[PDB]
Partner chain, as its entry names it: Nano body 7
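Let's start with one chain on its own, the form solved without the partner chain, as structure tokens.
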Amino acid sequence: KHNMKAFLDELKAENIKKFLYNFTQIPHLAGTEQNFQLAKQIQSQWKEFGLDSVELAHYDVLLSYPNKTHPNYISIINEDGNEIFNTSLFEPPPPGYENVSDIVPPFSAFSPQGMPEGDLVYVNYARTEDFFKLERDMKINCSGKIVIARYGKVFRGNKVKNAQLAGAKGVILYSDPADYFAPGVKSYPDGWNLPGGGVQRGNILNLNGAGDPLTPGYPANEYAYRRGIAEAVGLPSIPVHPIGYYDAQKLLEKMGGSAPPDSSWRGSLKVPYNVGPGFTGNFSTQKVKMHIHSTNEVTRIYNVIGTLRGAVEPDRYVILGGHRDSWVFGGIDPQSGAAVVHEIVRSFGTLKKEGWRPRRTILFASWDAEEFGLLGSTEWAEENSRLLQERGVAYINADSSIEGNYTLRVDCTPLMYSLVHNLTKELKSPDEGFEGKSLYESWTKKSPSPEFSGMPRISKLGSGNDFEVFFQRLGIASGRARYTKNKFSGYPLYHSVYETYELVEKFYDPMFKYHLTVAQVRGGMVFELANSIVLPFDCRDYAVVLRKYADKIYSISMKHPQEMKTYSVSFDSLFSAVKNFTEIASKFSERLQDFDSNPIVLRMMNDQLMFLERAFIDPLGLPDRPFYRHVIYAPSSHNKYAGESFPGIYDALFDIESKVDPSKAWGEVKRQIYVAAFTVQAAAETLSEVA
């Protein structure tokens, strides 16, 4: 038979291993020849695996690279202008790769050029609350200073935006062993920890969903009109550079000024973690100088797009997509995900060669330039937006399959909760001590739902990966699943040269059983979405969370009872809309279970299910973020990686006691309540009887 069991059984750990090795021997940096070569390889292989068509979709987008003959570095300089300490020009390469060419040195992609010289201020994780503490409580002024911040907790672009708004003239990002060195584990190559010379690469844009900085709204095709650099979206205005903790120790050890305000500001290095500004006593005339010479350059990128046409509903698309570009070897990120997609394509292709086709069309994507701001997925979605918003059933992401070996981690729309629960109850746990038990059992034991007994945790979607355009801009039901550790900081070797095939094979997943489990979850979800007669979405699950999010946002507002009285701030309309949504969803579910042999009522009903996520889209977008259009979820304004619920109301309430015109500020809270209540009611009404 050709059923999901046949599909799942065809998936093999040893194939995933072979593909991971094949994808991680040389760097595949976006915009480079090596990455174009890999795209062509994947195109050829997906064709041989059996897909109906496989094309490259290319775009010319703004990328950023260091200057090969003018390297980036940071100095401590003395009063004579002598550079008495310099940060490293590259990470010591791992064993047997010391002769690999074209390893990009650590840099912060999209940093402007400059050579700012100044006094250091240490800003902890450079979160909004860290700057509140510095400025409001400690009365420390970052204006004109170079800020040094540890990576972790929030997206690095948010740190840079916060530093810029504080008036910093430069940012140094570093990996503290508190966040990137697990106790009792050895440094690479002898374990999975970050060595003192390791450095986390990464872009520091604040695109808010725009895609290529030069072409917001439209694909960066051959005839595209581009913005000038001065009008580009999301570029930082101050130079930024990342360093390892050997180098950070040398910069932090001389810091003077104020003591850290409490222990949550101290990492694990042998330094005081003084906030500054500047250095102690004897060293007070020394300064820190950055030298950044990176350049932004419009560069061609290539997505691979494979199609497996549906037998019955070819105009309905289920998309499995993940990126192919890496900072260096991409041993975990992304090739652990890409190897899993490759094996899934191979398995679907085996069924296809035997005469099977899925009910709906499946699209498979190998995205480029994810590391530079989700550029490949976003430009392709911009080109194909009309097809996607009228035909897109679901998007399943497929970046890194593993970031640990402890349990499953799922983030998805409530529409997919029931699907994920049911699928994981049918899959074997790969976990030690859970032999013969289901993946649902192990996952629920290790990652209990904070709310419900006997259920697992499922998180919200924010951004920071290629699902963002599909979910937050276009309102296509989206999900992701991976194996994880015992949350937003990354595993120790993230975006470092040390993220290799050997890291995975030796320390993460020697038997490739966790990769196999993730292939079963991702592939199983795609199989069900593409083959179930009735789409496997339960609208009642959205009703449950909407009540939770309404209670949450009301509770935030209720910290300000006098203002709610003064400005007549009522959440009655939002609770009414949520109650209505609950009532209508329950009635829709009854009809879905009861409806008649009638394929128009079925597709009528399938279209109601498909367009339900779409109904949470507001075509006017969120305030000052036109490409974040989903009213229930958006990436947090303080941390792109985190999802925020009822983001328009949340941002209107955030730090509201600090606003100078409370009438105006509470007016905007009321406007956001109106928008949210209207959107929930309008989404509910899409599930009413159609006529």
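Residue numbers count along the first chain shown, from 1.
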Among the other PDB entries compared that flank it on both sides, is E343 unmodelled in a third or more? no
Counting only other entries that model residues on either side, is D247 absent from the coordinates in at least a third? no
In this entry, is the chain continuous from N486 to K487, or are deposited residues missing in between (none, 1 to 3, 4 to 9, 10 or more)? 4 to 9
What lies unmodelled of the deposited sequence between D596 and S597 amounts to 1 to 3
Of 444 to 452 and 346 to 354, the one with larger mean CA B-factor: 444 to 452
Avg C-alpha B-factor, entry values, 374 to 382 vs 400 to 408, higher side is 400 to 408
Based on what the PDB entry reports, which of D618, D466, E499, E231 has the top C-alpha B-factor? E231
When the entry's CA B-factors for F581, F537, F110, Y97 are compared, the highest one belongs to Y97
Please say which third, lowest, middle or highest, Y514 falls into when its CA temperature factor is compared across its chain. middle
Quick check for you: using the entry's CA B-factors within this chain, is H28 in the lowest, middle or highest third? lowest
Chain-wide C-alpha B factor ranking for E297, given as lowest, middle or highest third: middle
Among the chain's modelled residues, which third holds the C-alpha B-factor of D60? lowest
The third of the chain into which the C-alpha temperature factor of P626 falls is the lowest
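Just so you know, the form solved in complex with the partner chain exists too; it's not on screen, but the next bit is about it.
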From the list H560, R201, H421, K289, which entry has a heavy atom within 4.5 Å of the partner chain in the bound PDB entry? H560
Please pick, from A550, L415, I402, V104, the one residue with any non-hydrogen atom lying within 4.5 angstroms of the partner chain in the bound PDB entry. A550
Heavy atoms within 4.5 Å of the partner chain in the bound PDB entry: which of the stretches 511 to 519, 450 to 458, 116 to 124, 422 to 430 has them? 450 to 458
Partner proximity in the bound PDB entry: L134 to the partner chain, non-hydrogen atom cutoff 4.5 Å: no
Exercise: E657 in contact with the partner chain in the bound PDB entry, heavy atom 4.5 Å: yes
Since only the chain is shown here, I'm wondering whether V578 would be in contact with the partner chain in the bound PDB entry (any heavy atom pair within 4.5 Å). yes
In the bound PDB entry, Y406 touching the partner chain (heavy atom, 4.5 Å): no
